[PDB]
Amino acid sequence: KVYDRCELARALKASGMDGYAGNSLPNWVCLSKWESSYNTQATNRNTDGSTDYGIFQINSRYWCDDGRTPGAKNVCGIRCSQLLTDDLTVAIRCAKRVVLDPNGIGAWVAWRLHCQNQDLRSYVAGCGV
Ligand SMILES: CC(=O)N[C@H]1[C@@H](Oc2ccc3c(C)cc(=O)oc3c2)O[C@H](CO)[C@@H](O[C@@H]2O[C@H](CO)[C@@H](O[C@@H]3O[C@H](CO)[C@@H](O)[C@H](O)[C@H]3NC(C)=O)[C@H](O)[C@H]2NC(C)=O)[C@@H]1O
């Protein structure tokens, strides 16, 4: 499913993502926008054999099992396939686990590049959240 910006915002707010580990809502909308363009079925293969999965583009080397990534750890304890569903429950739960590591929201290259040290007010504007 390709989420509408405000449709996503409402779904993340409802899942407790606003302030999750000190990361306000606009941070998560900004990273979903630039990581996948709000598409839960987005996939991206890397040089090293790993693949990025879903709306938050979670890597198969540490967080999920896709059966073709060499030396993977599956810390989220899921199949990567579970990150591409229209239903965000599993993606949210894994993303929640990703920001608990020391690097936090800095784990996401799109966040560091287009959201970090920017005015993200516009990503939630008009959503009524
Ligand atoms: C949001 C997702 O999937 N992001 C992960 C991933 O994602 C991408 C995704 C797309 C790209 C693209 C398109 C291009 C490009 O150049 O790079 C990418 C990296 O690749 C990073 C590789 O460094 C991971 O970051 C690395 O990931 C784990 C998660 O924490 C680390 O292991 C953990 O390291 C910390 C030390 O800080 C410990 O606390 C824990 O022991 C440990 N493992 C566990 C299980 O928690 C490691 O350090 C950290 N790497 C560095 C060098 O930043 C980050 O998680």
Side-chain angles (χ1 to χ4, degrees):
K1 168 181 176 82
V2 183
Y3 274 76
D4 160 76
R5 176 175 60 91
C6 284
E7 178 190 18
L8 180 67
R10 297 199 305 269
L12 299 181
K13 180 61 172 302
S15 297
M17 297 284 271
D18 186 17
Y20 196 87
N23 303 120
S24 63
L25 193 60
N27 277 289
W28 302 104
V29 176
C30 179
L31 99 69
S32 308
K33 186 206 175 308
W34 297 103
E35 278 296 3
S36 60
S37 288
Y38 306 119
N39 183 17
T40 69
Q41 296 187 267
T43 60
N44 189 79
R45 185 106 84 296
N46 299 114
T47 57
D48 72 328
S50 76
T51 302
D52 301 322
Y53 295 88
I55 214 173
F56 305 116
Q57 288 277 283
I58 301 179
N59 198 259
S60 62
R61 163 152 289 176
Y62 317 90
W63 318 103
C64 58
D65 163 46
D66 74 350
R68 60 103 180 282
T69 315
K73 303 174 211 307
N74 194 7
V75 167
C76 280
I78 50 166
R79 298 289 187 180
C80 293
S81 67
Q82 285 175 262
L83 297 171
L84 306 180
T85 65
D86 302 328
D87 170 65
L88 263 32
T89 298
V90 170
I92 286 182
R93 187 160 300 165
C94 184
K96 281 188 171 171
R97 169 66 194 78
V98 171
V99 279
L100 295 181
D101 267 16
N103 282 359
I105 194 91
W108 288 278
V109 174
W111 180 90
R112 292 207 316 279
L113 211 182
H114 306 96
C115 312
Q116 175 171 219
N117 295 335
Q118 309 285 1
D119 184 36
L120 308 180
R121 194 273 276 71
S122 60
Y123 291 96
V124 289
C127 298
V129 272

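All ligand and atom numbering here is 1-based and tracks the order in the structure. Numbers for residues simply follow the sequence, beginning at 1.
- The SG atoms of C64 and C94 do not lie less than 2.5 Å from each other.
- The backbone N or O of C80 sits nowhere less than 3.5 Å from a side-chain atom of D66 that would complete a donor-acceptor pair.
- Between the side chains of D48 and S50, at least one donor-acceptor pair of N or O atoms lies under 3.5 Å.
- In summary, the side chains of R68 and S60 do not present any donor paired with an acceptor at a separation below 3.5 Å, with no hydrogens or angles considered.
- Using the six-membered ring where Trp is involved, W108 and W28 have ring planes that are perpendicular, over 60° apart on the 30 and 60° scheme.
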Distance dump, ligand 1 polar atoms to protein, N/O, under 3.5 Å:
| from | atom 1 | to | atom 2 | distance (Å) |
| --- | --- | --- | --- | --- |
| ligand 1 | 3 (O) | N59 | N | 2.7 |
| ligand 1 | 3 (O) | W63 | NE1 | 3.4 |
| ligand 1 | 4 (N) | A107 | O | 3.3 |
| ligand 1 | 30 (O) | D101 | OD2 | 2.3 |
| ligand 1 | 46 (O) | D101 | OD1 | 3.1 |
| ligand 1 | 46 (O) | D101 | OD2 | 2.5 |
| ligand 1 | 53 (O) | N103 | ND2 | 2.9 |
| ligand 1 | 55 (O) | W63 | NE1 | 3.4 |

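- A donor-acceptor pair is defined here as one N or O able to donate and one able to accept, closer than 3.5 Å; such a pair exists between the side chain of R61 and the backbone of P70.
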